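K.L.:
Pasting an experimental structure, sequence included:
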Amino acid sequence: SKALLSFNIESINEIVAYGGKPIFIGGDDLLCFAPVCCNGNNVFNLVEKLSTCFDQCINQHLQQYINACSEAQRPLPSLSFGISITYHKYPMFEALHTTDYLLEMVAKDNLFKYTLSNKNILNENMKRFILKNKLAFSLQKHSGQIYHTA
RNA sequence: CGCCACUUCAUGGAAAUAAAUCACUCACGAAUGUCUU
Ligand SMILES: [Mn+2]
């Protein structure tokens, strides 16, 4: 809880310093509206800064668990990111749906899990193939050219 | 000293060889994000 609160405060500070707007940052959830590029920094620079802040807070407040999971060879807490860049006149509801789709379905690999679970073949060996720590990014131009990657 | 002409009329080698084979720029821009009953 201490690590999450510290990360939330530092993420608010970083979003304000970059030049964006914090919508909601609480627990493990973050929602921000930021410029594509301003004062030389990009969106991906902000994402890297947020990931660094999360890692720093995890190290600072969870050092015992980090040390235990280091030699035990177990994954550490991580942040999955979903970035959508759209024209300012593009509907905000569609942009938010695109961001949710990116984050959940691609960045959290919920497409694999959802397709497996709808057919009831999730099992455990298949659950071994759930991939986290992903960045989903999509840029839709004014002509709908949409560049997307993960 | 005199007298006197014939013969021969292109073969062999090289017959193309390397370098560059597209380069840069633009890869959508503006309007409309609902309107009238
Ligand atoms: Mn959450």
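P.N.:
Yep, that arrived. Residues are numbered from 1 along each chain as shown, chains lettered A, B, ... in the order given.

K.L.:
Could you count how many residues lie near the residue in chain A that RNA strand B sits nearest to?
P.N.:
Residue nearest to RNA strand B within chain A: residue A:143 (3.2 Å; CB to the nearest atom of the strand). The C-beta positions use only the backbone N, C-alpha and C, and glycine is treated the same way. Counted with other CB atoms under 10 Å, residues neighbouring residue A:143 total 7.

K.L.:
swap in residue A:18?
P.N.:
Around residue A:18 there are 19 residues (other CB under 10 Å).

K.L.:
ok, so what distance separates it from residue A:117?
P.N.:
37 Å (CB to CB, to the nearest Å).

K.L.:
Spell out which parts of chain A neighbour the ion.
P.N.:
A:28, A:29 (CB under 5 Å from the ion).

K.L.:
Try it again at 8 Å.
P.N.:
Neighbours of the ion within chain A, by CB under 8 Å from the ion: A:27, A:28, A:29.

K.L.:
Next up, phi/psi of the first one, please.
P.N.:
Looking back up the chat, that one is residue A:27. In terms of degrees, to the nearest 10, the main-chain angles of residue A:27 are phi 60, psi -120.

K.L.:
That one reaches residue A:4, doesn't it?
P.N.:
Yes: contact criterion CB atoms under 8 Å: residue A:27 and residue A:4 qualify, at 6.0 Å.
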